[PDB]
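Visitor: Next comes query-v9.tsv, TSV, C-alpha atoms and all ligand atoms:
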chain	number	residue	atom	x	y	z
A	2	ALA	CA	131.33	147.94	126.98
A	3	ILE	CA	129.03	147.55	129.98
A	4	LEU	CA	130.75	145.45	132.65
A	5	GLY	CA	127.92	145.58	135.19
A	6	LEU	CA	124.54	147.02	136.09
A	7	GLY	CA	122.77	147.40	139.43
A	8	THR	CA	119.64	149.05	140.81
A	9	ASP	CA	118.09	149.35	144.24
A	10	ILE	CA	114.98	150.74	145.88
A	11	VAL	CA	114.94	151.53	149.61
A	12	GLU	CA	111.91	152.17	151.81
A	13	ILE	CA	113.09	155.12	153.92
A	14	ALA	CA	110.88	154.01	156.84
A	15	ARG	CA	112.78	150.68	156.94
A	16	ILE	CA	116.08	152.54	157.47
A	17	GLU	CA	114.37	154.76	160.08
A	18	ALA	CA	113.32	151.59	161.95
A	19	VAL	CA	116.88	150.18	161.92
A	20	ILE	CA	118.19	153.47	163.36
A	21	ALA	CA	115.50	153.50	166.07
A	22	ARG	CA	116.61	149.98	167.06
A	23	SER	CA	120.40	150.12	166.41
A	24	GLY	CA	121.30	153.83	166.63
A	25	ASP	CA	124.50	154.66	164.73
A	26	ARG	CA	125.32	151.00	164.02
A	27	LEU	CA	124.10	150.88	160.39
A	28	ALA	CA	125.81	154.16	159.39
A	29	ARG	CA	129.08	153.08	161.05
A	30	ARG	CA	128.97	149.81	159.07
A	31	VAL	CA	128.15	151.15	155.61
A	32	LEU	CA	129.61	154.67	155.39
A	33	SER	CA	133.19	155.50	154.38
A	34	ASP	CA	135.17	157.95	156.55
A	35	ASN	CA	134.20	160.89	154.29
A	36	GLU	CA	130.53	159.88	154.34
A	37	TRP	CA	130.58	159.44	158.14
A	38	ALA	CA	131.68	163.06	158.52
A	39	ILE	CA	128.66	164.12	156.43
A	40	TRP	CA	126.32	161.86	158.49
A	41	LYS	CA	127.44	163.54	161.71
A	42	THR	CA	126.34	167.07	160.71
A	43	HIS	CA	123.55	166.28	158.21
A	44	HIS	CA	120.17	167.90	158.82
A	45	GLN	CA	118.36	164.80	157.55
A	46	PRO	CA	120.79	161.94	158.32
A	47	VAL	CA	118.23	159.11	157.98
A	48	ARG	CA	117.37	160.31	154.45
A	49	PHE	CA	121.10	160.74	153.75
A	50	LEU	CA	121.79	157.16	154.88
A	51	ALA	CA	118.86	155.63	152.97
A	52	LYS	CA	120.03	157.29	149.73
A	53	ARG	CA	123.64	156.17	150.36
A	54	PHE	CA	122.41	152.63	151.08
A	55	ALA	CA	120.53	152.58	147.75
A	56	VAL	CA	123.66	153.59	145.81
A	57	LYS	CA	125.92	151.16	147.69
A	58	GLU	CA	123.53	148.26	147.11
A	59	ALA	CA	123.27	149.18	143.39
A	60	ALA	CA	127.06	149.40	143.16
A	61	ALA	CA	127.59	146.05	144.92
A	62	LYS	CA	125.19	144.39	142.45
A	63	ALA	CA	126.90	146.05	139.47
A	64	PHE	CA	130.22	144.62	140.68
A	65	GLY	CA	128.60	141.23	141.33
A	72	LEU	CA	133.20	143.94	149.33
A	73	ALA	CA	131.72	145.85	152.26
A	74	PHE	CA	129.40	148.81	151.66
A	75	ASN	CA	131.98	151.23	153.15
A	76	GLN	CA	134.25	150.43	150.18
A	77	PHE	CA	131.76	152.06	147.78
A	78	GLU	CA	132.06	155.76	148.66
A	79	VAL	CA	129.65	158.22	147.07
A	80	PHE	CA	130.78	161.81	146.55
A	81	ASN	CA	129.70	164.74	144.38
A	82	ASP	CA	132.19	166.02	141.78
A	83	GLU	CA	133.13	169.58	140.71
A	84	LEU	CA	129.91	169.76	138.65
A	85	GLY	CA	127.71	168.47	141.52
A	86	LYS	CA	127.23	165.08	139.87
A	87	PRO	CA	127.22	161.96	142.11
A	88	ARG	CA	130.25	159.71	141.66
A	89	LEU	CA	131.84	156.57	143.07
A	90	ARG	CA	135.24	156.40	144.75
A	91	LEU	CA	136.45	152.86	145.51
A	92	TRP	CA	138.42	151.55	148.49
A	93	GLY	CA	140.14	148.28	149.41
A	94	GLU	CA	138.79	145.10	147.79
A	95	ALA	CA	136.27	147.00	145.64
A	96	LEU	CA	139.09	149.09	144.12
A	97	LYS	CA	141.14	145.95	143.46
A	98	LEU	CA	138.14	144.28	141.81
A	99	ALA	CA	137.58	147.38	139.63
A	100	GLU	CA	141.20	147.25	138.45
A	101	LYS	CA	140.87	143.48	137.87
A	102	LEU	CA	137.67	143.88	135.83
A	103	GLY	CA	139.10	146.72	133.71
A	104	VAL	CA	136.59	149.32	134.90
A	105	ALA	CA	137.29	152.67	133.21
A	106	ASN	CA	134.08	154.58	133.99
A	107	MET	CA	131.43	154.37	136.71
A	108	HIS	CA	128.03	156.02	136.34
A	109	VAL	CA	125.83	156.71	139.33
A	110	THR	CA	122.36	158.15	139.65
A	111	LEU	CA	119.95	158.42	142.58
A	112	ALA	CA	116.56	159.88	143.34
A	113	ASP	CA	114.26	160.11	146.32
A	114	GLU	CA	110.63	160.77	147.07
A	115	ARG	CA	109.18	161.16	150.57
A	116	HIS	CA	108.95	157.40	151.14
A	117	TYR	CA	111.47	155.81	148.77
A	118	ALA	CA	115.02	156.29	147.52
A	119	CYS	CA	116.30	154.63	144.32
A	120	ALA	CA	119.65	154.31	142.56
A	121	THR	CA	121.18	152.81	139.43
A	122	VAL	CA	124.87	152.14	138.79
A	123	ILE	CA	126.54	151.18	135.51
A	124	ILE	CA	130.20	150.19	135.31
A	125	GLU	CA	131.98	150.39	132.00
A	126	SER	CA	135.27	149.51	130.30
B	2	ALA	CA	126.56	150.00	121.73
B	3	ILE	CA	123.33	150.05	123.75
B	4	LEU	CA	120.49	148.59	121.66
B	5	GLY	CA	117.68	149.05	124.17
B	6	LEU	CA	116.80	150.09	127.69
B	7	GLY	CA	113.82	149.21	129.86
B	8	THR	CA	112.61	149.72	133.41
B	9	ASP	CA	109.60	148.75	135.49
B	10	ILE	CA	108.13	149.24	138.92
B	11	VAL	CA	105.55	146.81	140.35
B	12	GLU	CA	103.32	147.35	143.39
B	13	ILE	CA	103.28	143.93	145.08
B	14	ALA	CA	99.78	144.49	146.55
B	15	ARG	CA	98.36	144.89	143.01
B	16	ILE	CA	99.71	141.44	142.04
B	17	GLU	CA	98.30	140.05	145.32
B	18	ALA	CA	94.84	141.51	144.52
B	19	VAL	CA	94.76	140.08	140.98
B	20	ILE	CA	95.78	136.60	142.28
B	21	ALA	CA	93.02	136.84	144.94
B	22	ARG	CA	90.44	137.59	142.23
B	23	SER	CA	91.53	135.20	139.41
B	24	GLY	CA	94.08	132.77	140.93
B	25	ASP	CA	96.57	131.22	138.48
B	26	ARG	CA	95.47	133.18	135.38
B	27	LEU	CA	97.97	136.03	135.72
B	28	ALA	CA	100.90	133.65	136.28
B	29	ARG	CA	99.93	131.18	133.56
B	30	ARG	CA	100.06	133.84	130.82
B	31	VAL	CA	103.47	135.35	131.61
B	32	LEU	CA	105.56	132.48	133.02
B	33	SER	CA	107.66	130.05	131.00
B	34	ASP	CA	107.25	126.33	131.78
B	35	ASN	CA	110.28	126.42	134.11
B	36	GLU	CA	109.04	129.57	135.91
B	37	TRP	CA	105.53	128.10	136.30
B	38	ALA	CA	107.02	125.09	138.08
B	39	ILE	CA	108.81	127.46	140.50
B	40	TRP	CA	105.64	129.59	140.97
B	41	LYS	CA	103.61	126.54	141.95
B	42	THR	CA	105.77	125.70	144.98
B	43	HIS	CA	107.54	128.99	145.89
B	44	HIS	CA	107.63	129.92	149.59
B	45	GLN	CA	106.72	133.51	148.60
B	46	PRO	CA	104.82	133.15	145.30
B	47	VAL	CA	103.23	136.64	145.07
B	48	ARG	CA	106.68	138.23	145.59
B	49	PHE	CA	108.15	135.78	143.04
B	50	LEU	CA	105.52	136.77	140.45
B	51	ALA	CA	105.86	140.51	141.16
B	52	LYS	CA	109.62	140.38	140.67
B	53	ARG	CA	109.20	138.31	137.48
B	54	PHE	CA	106.76	140.94	136.18
B	55	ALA	CA	109.26	143.75	136.84
B	56	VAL	CA	112.04	141.98	134.89
B	57	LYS	CA	109.80	140.83	132.01
B	58	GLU	CA	108.21	144.28	131.58
B	59	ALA	CA	111.70	145.88	131.62
B	60	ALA	CA	112.99	143.31	129.10
B	61	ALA	CA	109.98	143.78	126.77
B	62	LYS	CA	110.59	147.54	126.84
B	63	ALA	CA	114.32	147.09	126.13
B	64	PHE	CA	113.42	144.97	123.07
B	65	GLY	CA	111.01	147.70	121.93
B	66	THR	CA	107.50	146.23	122.11
B	72	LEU	CA	106.52	140.51	122.69
B	73	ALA	CA	105.13	137.76	124.93
B	74	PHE	CA	106.29	137.86	128.56
B	75	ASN	CA	106.57	134.05	128.55
B	76	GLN	CA	109.36	134.42	125.98
B	77	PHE	CA	111.48	136.39	128.48
B	78	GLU	CA	112.46	133.63	130.88
B	79	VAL	CA	114.35	134.74	133.97
B	80	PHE	CA	116.81	132.35	135.56
B	81	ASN	CA	119.66	132.43	138.06
B	82	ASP	CA	123.07	131.33	136.75
B	83	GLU	CA	125.60	129.15	138.62
B	84	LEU	CA	126.71	132.23	140.59
B	85	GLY	CA	123.09	133.11	141.44
B	86	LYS	CA	122.84	136.18	139.19
B	87	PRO	CA	119.58	136.94	137.32
B	88	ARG	CA	119.78	136.35	133.56
B	89	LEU	CA	117.43	136.24	130.58
B	90	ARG	CA	116.80	133.16	128.46
B	91	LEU	CA	114.91	134.06	125.27
B	92	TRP	CA	112.36	131.97	123.34
B	93	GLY	CA	110.59	132.14	119.98
B	94	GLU	CA	109.92	135.59	118.51
B	95	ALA	CA	111.99	137.30	121.23
B	96	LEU	CA	115.00	135.04	120.59
B	97	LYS	CA	114.81	135.63	116.82
B	98	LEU	CA	114.51	139.38	117.48
B	99	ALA	CA	117.67	139.43	119.65
B	100	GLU	CA	119.50	137.63	116.83
B	101	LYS	CA	118.21	140.14	114.25
B	102	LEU	CA	119.14	143.13	116.43
B	103	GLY	CA	122.66	141.75	117.00
B	104	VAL	CA	122.30	141.53	120.80
B	105	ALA	CA	125.54	140.17	122.29
B	106	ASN	CA	124.97	141.07	125.95
B	107	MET	CA	121.94	141.39	128.18
B	108	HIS	CA	122.18	143.07	131.58
B	109	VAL	CA	119.50	142.49	134.16
B	110	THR	CA	119.11	143.95	137.63
B	111	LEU	CA	116.18	143.89	140.05
B	112	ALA	CA	115.39	144.97	143.58
B	113	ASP	CA	112.53	144.58	146.01
B	114	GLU	CA	111.32	146.28	149.14
B	115	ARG	CA	108.26	145.29	151.18
B	116	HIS	CA	105.74	147.00	148.89
B	117	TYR	CA	107.53	147.41	145.53
B	118	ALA	CA	109.76	145.55	143.09
B	119	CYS	CA	111.75	147.23	140.33
B	120	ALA	CA	114.00	146.16	137.49
B	121	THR	CA	116.14	147.59	134.71
B	122	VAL	CA	117.34	145.76	131.58
B	123	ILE	CA	119.94	146.93	129.05
B	124	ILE	CA	120.65	145.07	125.83
B	125	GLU	CA	123.95	145.65	124.11
B	126	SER	CA	125.78	144.83	120.87
C	2	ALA	CA	130.58	155.15	125.46
C	3	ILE	CA	128.06	156.22	128.10
C	4	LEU	CA	128.12	160.01	128.49
C	5	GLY	CA	125.52	160.21	131.27
C	6	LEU	CA	122.97	158.35	133.36
C	7	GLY	CA	119.91	159.65	135.20
C	8	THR	CA	116.95	158.22	137.09
C	9	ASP	CA	113.89	159.62	138.85
C	10	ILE	CA	110.94	158.49	140.93
C	11	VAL	CA	107.86	160.73	141.23
C	12	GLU	CA	105.05	160.38	143.73
C	13	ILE	CA	101.93	161.02	141.62
C	14	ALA	CA	100.01	162.38	144.66
C	15	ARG	CA	102.70	165.06	145.11
C	16	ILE	CA	102.15	166.25	141.52
C	17	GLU	CA	98.39	166.22	142.16
C	18	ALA	CA	99.05	168.45	145.19
C	19	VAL	CA	101.17	170.87	143.10
C	20	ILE	CA	98.36	171.09	140.52
C	21	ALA	CA	95.87	171.79	143.34
C	22	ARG	CA	98.07	174.77	144.32
C	23	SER	CA	99.01	176.34	141.00
C	24	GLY	CA	96.72	174.78	138.36
C	25	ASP	CA	98.31	174.49	134.92
C	26	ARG	CA	101.34	176.64	135.87
C	27	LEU	CA	103.60	173.62	136.49
C	28	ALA	CA	102.60	172.28	133.07
C	29	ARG	CA	103.31	175.72	131.57
C	30	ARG	CA	106.79	175.61	133.14
C	31	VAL	CA	108.03	172.11	132.29
C	32	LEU	CA	106.21	171.30	129.03
C	33	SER	CA	107.35	172.24	125.53
C	34	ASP	CA	104.80	173.49	122.99
C	35	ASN	CA	104.11	169.98	121.62
C	36	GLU	CA	103.62	168.57	125.13
C	37	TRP	CA	101.39	171.49	126.15
C	38	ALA	CA	99.02	170.65	123.29
C	39	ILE	CA	98.79	167.03	124.52
C	40	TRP	CA	98.26	168.21	128.14
C	41	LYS	CA	95.24	170.33	127.20
C	42	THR	CA	93.16	167.36	125.98
C	43	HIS	CA	94.62	164.48	128.06
C	44	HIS	CA	92.30	162.02	129.81
C	45	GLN	CA	94.52	161.90	132.90
C	46	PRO	CA	96.51	165.18	133.04
C	47	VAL	CA	98.06	164.57	136.51
C	48	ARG	CA	99.49	161.19	135.47
C	49	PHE	CA	100.66	162.66	132.14
C	50	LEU	CA	102.55	165.43	133.96
C	51	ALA	CA	104.03	163.13	136.65
C	52	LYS	CA	105.40	160.81	133.94
C	53	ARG	CA	106.78	163.77	131.94
C	54	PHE	CA	108.36	165.05	135.16
C	55	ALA	CA	110.13	161.73	135.85
C	56	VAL	CA	111.60	161.59	132.32
C	57	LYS	CA	112.63	165.27	132.34
C	58	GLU	CA	114.36	165.02	135.73
C	59	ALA	CA	116.16	161.81	134.67
C	60	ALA	CA	117.30	163.48	131.43
C	61	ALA	CA	118.56	166.56	133.31
C	62	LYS	CA	120.59	164.28	135.63
C	63	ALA	CA	122.02	162.37	132.64
C	64	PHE	CA	123.16	165.68	131.08
C	65	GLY	CA	124.41	167.00	134.45
C	72	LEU	CA	118.99	174.09	131.38
C	73	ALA	CA	115.21	173.90	131.83
C	74	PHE	CA	112.60	171.13	131.81
C	75	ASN	CA	110.79	172.49	128.73
C	76	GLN	CA	114.03	171.86	126.80
C	77	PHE	CA	113.67	168.09	127.33
C	78	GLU	CA	110.61	167.25	125.21
C	79	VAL	CA	109.23	163.71	125.37
C	80	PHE	CA	107.47	162.27	122.32
C	81	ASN	CA	106.38	158.89	120.98
C	82	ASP	CA	107.91	157.77	117.67
C	83	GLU	CA	106.11	155.94	114.83
C	84	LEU	CA	106.24	152.67	116.82
C	85	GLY	CA	105.07	154.10	120.17
C	86	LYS	CA	108.25	154.02	122.30
C	87	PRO	CA	109.41	157.12	124.28
C	88	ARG	CA	112.10	159.40	122.81
C	89	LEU	CA	113.74	162.73	123.68
C	90	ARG	CA	113.68	165.87	121.52
C	91	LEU	CA	115.95	168.68	122.76
C	92	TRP	CA	115.58	172.47	122.58
C	93	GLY	CA	117.59	175.58	123.39
C	94	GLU	CA	120.44	175.09	125.87
C	95	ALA	CA	119.86	171.32	126.11
C	96	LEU	CA	120.27	170.90	122.34
C	97	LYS	CA	123.44	173.02	122.36
C	98	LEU	CA	124.88	170.98	125.25
C	99	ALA	CA	124.14	167.69	123.45
C	100	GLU	CA	125.97	168.96	120.34
C	101	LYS	CA	128.94	170.01	122.50
C	102	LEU	CA	129.14	166.65	124.30
C	103	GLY	CA	128.74	164.76	121.01
C	104	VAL	CA	125.64	162.83	122.10
C	105	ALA	CA	124.84	160.23	119.42
C	106	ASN	CA	122.05	158.25	121.14
C	107	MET	CA	119.56	159.02	123.91
C	108	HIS	CA	117.89	156.03	125.56
C	109	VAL	CA	114.69	156.68	127.49
C	110	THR	CA	112.50	154.36	129.54
C	111	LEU	CA	109.62	155.03	131.91
C	112	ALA	CA	107.10	153.12	133.97
C	113	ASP	CA	104.17	153.96	136.19
C	114	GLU	CA	102.30	152.26	138.95
C	115	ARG	CA	99.20	153.62	140.71
C	116	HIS	CA	101.24	155.77	143.13
C	117	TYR	CA	104.64	156.29	141.45
C	118	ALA	CA	106.19	156.99	138.06
C	119	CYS	CA	109.86	156.19	137.36
C	120	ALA	CA	112.24	156.84	134.49
C	121	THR	CA	115.81	156.19	133.49
C	122	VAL	CA	117.76	158.01	130.76
C	123	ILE	CA	121.12	157.03	129.26
C	124	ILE	CA	122.98	159.34	126.86
C	125	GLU	CA	125.64	157.78	124.65
C	126	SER	CA	128.49	158.76	122.32
A	201	CL	CL	104.38	136.05	148.72
A	202	CL	CL	102.42	138.53	127.67
A	203	CL	CL	94.98	162.33	136.22
Once you've parsed the file, please lay out its structure as structure tokens.
Guide:
Amino acid sequence: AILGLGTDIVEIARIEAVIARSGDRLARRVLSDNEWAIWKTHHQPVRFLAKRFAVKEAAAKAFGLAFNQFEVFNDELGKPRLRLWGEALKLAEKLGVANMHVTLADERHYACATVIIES
Amino acid sequence: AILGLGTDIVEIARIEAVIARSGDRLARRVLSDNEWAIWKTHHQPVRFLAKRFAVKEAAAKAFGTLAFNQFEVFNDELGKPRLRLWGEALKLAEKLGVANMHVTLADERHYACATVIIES
Amino acid sequence: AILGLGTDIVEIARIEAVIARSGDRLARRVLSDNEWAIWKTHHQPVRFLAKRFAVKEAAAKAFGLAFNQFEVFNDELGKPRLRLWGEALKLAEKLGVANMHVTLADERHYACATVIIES
């Protein structure tokens, strides 16, 4: 059964503006340790962050819990996946979450994501 | 089992332009009585209407099109967006055996989007 | 259970730009025979292709292949459905896909689509 559903859309220019004003602050707040390491060497880190933000916001909505607790990674097939930390992980176990489905897309100006959590 | 799936994207400026040209007409057709009352006094009414359009269009698609005013959006006691169905849409959900409706929406400066899944 | 989830957003002006470069060659690539026939006489071929593109990319993400293997058609009622060919059809049979849920939307500047495949 579906236990939760979330979506988000992110204007990439909005994230760019935050970075211009705050520097690394946003990424340090919302990225897990593994994601931070990617951020540091990424060729397009603003785009990377905006896409991560979209997924994390979609995940947070699906679960109804800081953004750095919703880690996005790509599995052995190259498919985007969620790995939970801390309170988010405890909530997942509490809710009886068995599967988590993640998708994201980006165009030049916008990134989008949808997350479904399932028993 | 999933019984239906719908999505929509709404350019807020389009809603703004229609309201500028014909005022209340757009809102009157698609809003329930409760939603109309909110529309009339909302601090950001164009954004309110745009976001309502995204959810209603997504819902209508999920139900496999139904009048938008029969897909009432409300926030529950925890503040989460939910559907309240009326008339033909309510009877349809009963006939389809809908047990669960899942609604999500998002908005940026220029666009709102929404996805609805209905489930047995 | 949900077997896969995909989403896409397509900037229509980008598709228009691709068509300016290579004419009908993109359509030749991503469209099945049935879609190609519709393309030839469409009133708005750019929009048609952009919308097809969004659905096809979302479907490919849901399955985790080629775009011409994910045919979009309208059923007797008028709602979008997927018809699979070649490798896509074989993969669906392997995964035991029972239902394929498709939705799409378009604004002036963007098309979007979400696909859910189910057991
Ligand atoms: Cl407004
Ligand atoms: Cl209507
Ligand atoms: Cl066109």
Visitor: Within 12 Å of ligand CL 202 (chain A), counting all atoms listed in the file: which residues, as an MDAnalysis selection string?
Guide: chainID B and resid 26:33 53:54 57:58 60:61 66 72:78 95
Visitor: How would the residues just picked look written out with C-alpha atoms as an mmCIF file, in the coordinates of the input?
Guide:
data_model
loop_
_atom_site.group_PDB
_atom_site.id
_atom_site.type_symbol
_atom_site.label_atom_id
_atom_site.label_comp_id
_atom_site.auth_asym_id
_atom_site.auth_seq_id
_atom_site.Cartn_x
_atom_site.Cartn_y
_atom_site.Cartn_z
ATOM 1 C CA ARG B 26 95.470 133.180 135.380
ATOM 2 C CA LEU B 27 97.970 136.030 135.720
ATOM 3 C CA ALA B 28 100.900 133.650 136.280
ATOM 4 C CA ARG B 29 99.930 131.180 133.560
ATOM 5 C CA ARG B 30 100.060 133.840 130.820
ATOM 6 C CA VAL B 31 103.470 135.350 131.610
ATOM 7 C CA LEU B 32 105.560 132.480 133.020
ATOM 8 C CA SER B 33 107.660 130.050 131.000
ATOM 9 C CA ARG B 53 109.200 138.310 137.480
ATOM 10 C CA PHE B 54 106.760 140.940 136.180
ATOM 11 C CA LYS B 57 109.800 140.830 132.010
ATOM 12 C CA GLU B 58 108.210 144.280 131.580
ATOM 13 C CA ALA B 60 112.990 143.310 129.100
ATOM 14 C CA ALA B 61 109.980 143.780 126.770
ATOM 15 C CA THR B 66 107.500 146.230 122.110
ATOM 16 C CA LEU B 72 106.520 140.510 122.690
ATOM 17 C CA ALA B 73 105.130 137.760 124.930
ATOM 18 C CA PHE B 74 106.290 137.860 128.560
ATOM 19 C CA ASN B 75 106.570 134.050 128.550
ATOM 20 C CA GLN B 76 109.360 134.420 125.980
ATOM 21 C CA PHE B 77 111.480 136.390 128.480
ATOM 22 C CA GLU B 78 112.460 133.630 130.880
ATOM 23 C CA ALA B 95 111.990 137.300 121.230
#
Visitor: Could you give me, as a PyMOL selection string, the residues that have an atom at most 12 Å away from the point (107.5, 147.2, 139.6) in the coordinates of the file, using only C-alpha atoms?
Guide: (chain A and resi 9-10) or (chain B and resi 7-16+48-59+111-121) or (chain C and resi 10+111-120)
Visitor: Using all atoms listed in the file, which residues sit within 7 Å of segment 89-102 of chain C once same-chain residues fewer than 6 positions away are excluded, as a ChimeraX atom specification?
Guide: /C:72,76-80
Visitor: Give as a PDB file with C-alpha atoms, in the coordinates of the input the residues surrounding ligand CL 203 (chain A) up to a distance of 8 Å, considering only C-alpha atoms and all ligand atoms.
Guide:
ATOM      1  CA  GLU C  17      98.390 166.220 142.160  1.00  0.00           C
ATOM      2  CA  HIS C  44      92.300 162.020 129.810  1.00  0.00           C
ATOM      3  CA  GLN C  45      94.520 161.900 132.900  1.00  0.00           C
ATOM      4  CA  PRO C  46      96.510 165.180 133.040  1.00  0.00           C
ATOM      5  CA  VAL C  47      98.060 164.570 136.510  1.00  0.00           C
ATOM      6  CA  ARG C  48      99.490 161.190 135.470  1.00  0.00           C
ATOM      7  CA  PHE C  49     100.660 162.660 132.140  1.00  0.00           C
TER       8      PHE C  49
END
Visitor: Using all atoms listed in the file, determine which residues fall within 6 Å of ligand CL 201 (chain A), then list them as a ChimeraX atom specification.
Guide: /B:45-48
Visitor: Out of B:63, B:25, B:39, B:89, which residue has the shortest atom-to-atom distance to residue 3 of chain B when counting all atoms listed in the file?
Guide: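 Selected residue with least distance to residue 3 of chain B: B:63.
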Visitor: Could you work out an axis-aligned bounding box for all listed atoms of segment 78-97 of chain C, with 4 Å added on each of the six sides, and give its centre and edge lengths in Å to one decimal, as JSON?
Guide:
{"center_x": 114.3, "center_y": 164.1, "center_z": 120.5, "size_x": 26.4, "size_y": 30.9, "size_z": 19.3}
Visitor: Please identify all residues of chain A having at least one atom at most 9 Å from any atom of chain B, considering all atoms listed in the file, and return them as number ranges by chain.
Guide: A: 2-12, 59, 62-63, 65, 121
Visitor: Just C-alpha atoms for this one: save the residues we selected as a short mmCIF file (atom, residue, chain, number, x, y, z; two decimals), in the frame of the given file.
Guide:
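Below is the file out-v7.cif, written as the result:
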data_model
loop_
_atom_site.label_atom_id
_atom_site.label_comp_id
_atom_site.auth_asym_id
_atom_site.auth_seq_id
_atom_site.Cartn_x
_atom_site.Cartn_y
_atom_site.Cartn_z
CA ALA A 2 131.33 147.94 126.98
CA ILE A 3 129.03 147.55 129.98
CA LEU A 4 130.75 145.45 132.65
CA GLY A 5 127.92 145.58 135.19
CA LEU A 6 124.54 147.02 136.09
CA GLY A 7 122.77 147.40 139.43
CA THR A 8 119.64 149.05 140.81
CA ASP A 9 118.09 149.35 144.24
CA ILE A 10 114.98 150.74 145.88
CA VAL A 11 114.94 151.53 149.61
CA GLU A 12 111.91 152.17 151.81
CA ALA A 59 123.27 149.18 143.39
CA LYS A 62 125.19 144.39 142.45
CA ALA A 63 126.90 146.05 139.47
CA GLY A 65 128.60 141.23 141.33
CA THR A 121 121.18 152.81 139.43
#
Visitor: Rounded to one decimal in Å, what is the spacing between atom CA of residue 41 of chain B and atom CA of residue 94 of chain B?
Guide: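 It comes out at 25.9 Å.
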Visitor: Reconstruct N, CA, C and O atoms of segment 11-22 of chain B; output as a PDB file, in the frame of the given file.
Guide:
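File out_36.pdb, as written:
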ATOM      1  N   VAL B  11     106.723 147.652 140.124  1.00  0.00           N
ATOM      2  CA  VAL B  11     105.550 146.810 140.350  1.00  0.00           C
ATOM      3  C   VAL B  11     105.123 146.954 141.811  1.00  0.00           C
ATOM      4  O   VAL B  11     105.936 146.758 142.716  1.00  0.00           O
ATOM      5  N   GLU B  12     103.864 147.324 142.036  1.00  0.00           N
ATOM      6  CA  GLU B  12     103.320 147.350 143.390  1.00  0.00           C
ATOM      7  C   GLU B  12     102.875 145.941 143.756  1.00  0.00           C
ATOM      8  O   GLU B  12     101.953 145.407 143.154  1.00  0.00           O
ATOM      9  N   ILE B  13     103.539 145.333 144.738  1.00  0.00           N
ATOM     10  CA  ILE B  13     103.280 143.930 145.080  1.00  0.00           C
ATOM     11  C   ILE B  13     101.807 143.673 145.439  1.00  0.00           C
ATOM     12  O   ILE B  13     101.223 142.660 145.014  1.00  0.00           O
ATOM     13  N   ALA B  14     101.194 144.608 146.168  1.00  0.00           N
ATOM     14  CA  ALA B  14      99.780 144.490 146.550  1.00  0.00           C
ATOM     15  C   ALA B  14      98.819 144.370 145.356  1.00  0.00           C
ATOM     16  O   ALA B  14      97.783 143.711 145.471  1.00  0.00           O
ATOM     17  N   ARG B  15      99.159 145.007 144.232  1.00  0.00           N
ATOM     18  CA  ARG B  15      98.360 144.890 143.010  1.00  0.00           C
ATOM     19  C   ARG B  15      98.379 143.442 142.504  1.00  0.00           C
ATOM     20  O   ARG B  15      97.328 142.890 142.170  1.00  0.00           O
ATOM     21  N   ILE B  16      99.573 142.845 142.448  1.00  0.00           N
ATOM     22  CA  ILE B  16      99.710 141.440 142.040  1.00  0.00           C
ATOM     23  C   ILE B  16      98.921 140.535 142.996  1.00  0.00           C
ATOM     24  O   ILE B  16      98.185 139.647 142.551  1.00  0.00           O
ATOM     25  N   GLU B  17      99.050 140.792 144.298  1.00  0.00           N
ATOM     26  CA  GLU B  17      98.300 140.050 145.320  1.00  0.00           C
ATOM     27  C   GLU B  17      96.780 140.120 145.065  1.00  0.00           C
ATOM     28  O   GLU B  17      96.092 139.094 145.134  1.00  0.00           O
ATOM     29  N   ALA B  18      96.274 141.312 144.746  1.00  0.00           N
ATOM     30  CA  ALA B  18      94.840 141.510 144.520  1.00  0.00           C
ATOM     31  C   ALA B  18      94.330 140.775 143.276  1.00  0.00           C
ATOM     32  O   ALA B  18      93.252 140.175 143.303  1.00  0.00           O
ATOM     33  N   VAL B  19      95.110 140.817 142.197  1.00  0.00           N
ATOM     34  CA  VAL B  19      94.760 140.080 140.980  1.00  0.00           C
ATOM     35  C   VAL B  19      94.713 138.567 141.232  1.00  0.00           C
ATOM     36  O   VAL B  19      93.749 137.909 140.826  1.00  0.00           O
ATOM     37  N   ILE B  20      95.732 138.031 141.914  1.00  0.00           N
ATOM     38  CA  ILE B  20      95.780 136.600 142.280  1.00  0.00           C
ATOM     39  C   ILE B  20      94.569 136.207 143.145  1.00  0.00           C
ATOM     40  O   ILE B  20      93.996 135.129 142.963  1.00  0.00           O
ATOM     41  N   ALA B  21      94.184 137.084 144.072  1.00  0.00           N
ATOM     42  CA  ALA B  21      93.020 136.840 144.940  1.00  0.00           C
ATOM     43  C   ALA B  21      91.721 136.735 144.134  1.00  0.00           C
ATOM     44  O   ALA B  21      90.833 135.944 144.473  1.00  0.00           O
ATOM     45  N   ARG B  22      91.628 137.529 143.069  1.00  0.00           N
ATOM     46  CA  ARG B  22      90.440 137.590 142.230  1.00  0.00           C
ATOM     47  C   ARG B  22      90.374 136.458 141.182  1.00  0.00           C
ATOM     48  O   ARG B  22      89.310 135.862 140.986  1.00  0.00           O
TER      49      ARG B  22
END
